[PDB]
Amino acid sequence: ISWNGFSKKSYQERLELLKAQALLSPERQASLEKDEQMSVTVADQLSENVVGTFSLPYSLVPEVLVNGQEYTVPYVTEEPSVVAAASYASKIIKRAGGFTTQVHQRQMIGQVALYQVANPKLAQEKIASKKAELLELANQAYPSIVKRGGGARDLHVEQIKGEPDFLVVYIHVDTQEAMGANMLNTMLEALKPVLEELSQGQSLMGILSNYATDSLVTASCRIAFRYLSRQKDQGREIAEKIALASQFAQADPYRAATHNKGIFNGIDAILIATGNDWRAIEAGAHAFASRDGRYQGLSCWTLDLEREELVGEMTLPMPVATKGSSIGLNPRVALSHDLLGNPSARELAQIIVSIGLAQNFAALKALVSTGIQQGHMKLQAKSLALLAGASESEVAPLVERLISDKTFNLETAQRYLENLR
């Protein structure tokens, strides 16, 4: 069954179409139809100083194709056009065969910072020689994850220079379906005294890192020029401009910020829907954006001229969860996971990066388009009118004729000012 007309349908009609798609159980469908919310009682358990609840829209982005599997994606966003743009981008990319994705690795990194280490290199060697015993100790500290098949997998020690110098111990941990904050903090507390003794130093802190480089996930898409525009060579032109737009975000931090913001319009929307911590994902991705010594766009758009295809690619750290308090307690979060077919965290991560790339595609395409609203046509024609050499009284008649045309440039405004005078 088709999703055609979903945006223009009324609220009630959208629910009927969704029901026809048979994506939700009878319980979840009824929960959605009475727009069941997280209660004050539940809110009061989740947070502190609770005096009520706060609501945002909840929307669907249909036809998200990821590794040959189609998803209907839930969005929570208060920004006009974000859902419409994601849905549009998703249709185009589905027609083009959808996204291809890979999880490079899925582990969490935690760190212990040591200071007042007289001999950092000797401390480094000592700790590294005790690697196996330290990992065992970390694993005994949180046995439930070992039983599930996860646990501490690696440990390394680095000298970080500054004022002062720090000796930093990093642990790499398979947290399975959890984000793993509590797990990592617990393992690090256990290691603290041993690491202090081995380094003859003082522990400053033991904490998870939100720079989740053991959780990188890449999405890509491959879009034939003909899907960008049906017109003869207009598709190639759009593709070129998107690639230039991509190059511009690599060059200018002022563009990069906006480029990456647009990606997170979509990413944060699905993160909220699925009960995931968006501050953690924002921080890791924006740090990742800076890795080459400049703040840069998180995605890349290039041309394959031989195959006549526009190629999009994006790698992000995506340590999302399918187990957590919000997932357990917010009835709409539980619904969002069911809606998606209850993906694993790895699967969810691949969907989310794809969503970001779709969102990026729509923003870039709209940004490089030359067909714009009537209000801005009257405005651009006014600029060309004045640029042609028009006086005060000559502006209004010149605009009327310019807007009557399908397309127009300076030479057209000069031609029309010539005839008028």
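Residues carry their position along the shown sequence, with the first being 1.
Enquirer: Comparing 107-115 with 132-140, which stretch shows the greater average C-alpha B-factor in the deposited entry?
Expert: Averaged over C-alpha atoms, the B-factors run higher in 132-140.
Enquirer: Mean CA B-factor: is it higher for 82-90 or for 236-244?
Expert: Taking the mean C-alpha B-factor of 82-90 and of 236-244, the larger value falls to 236-244.
Enquirer: Based on the PDB record, which member of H286, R95, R230, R222 exhibits the highest Cα temperature factor?
Expert: Highest CA B-factor of the listed options: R230.
Enquirer: When you compare the CA B-factors of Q350, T175, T72, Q124 as listed in the entry, which one comes out on top?
Expert: Answer, based on the entry's C-alpha B-factors: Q124.
Enquirer: Sorting the chain's modelled residues by C-alpha B-factor, tell me whether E48 ends up in the lowest, middle or highest third.
Expert: According to the entry, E48 has a C-alpha B-factor in the chain's lowest third.
Enquirer: Quick one: classify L364 as lowest, middle or highest third of the chain based on its Cα B-factor.
Expert: It falls in the middle third of the chain.
Enquirer: Compare the C-alpha B factor of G180 with those of the other modelled residues in its chain, then answer lowest, middle or highest third.
Expert: Answer is middle: the recorded C-alpha B-factor places it there.
Enquirer: Split into thirds by Cα B-factor across the chain's modelled residues, where does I207 land: lowest, middle or highest?
Expert: Middle third of the chain for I207's C-alpha B-factor.
Enquirer: Would you mind ranking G371 by its C-alpha B-factor against the rest of the chain and naming the third, lowest, middle or highest?
Expert: It belongs to the highest third of the chain when residues are ordered by C-alpha B-factor.
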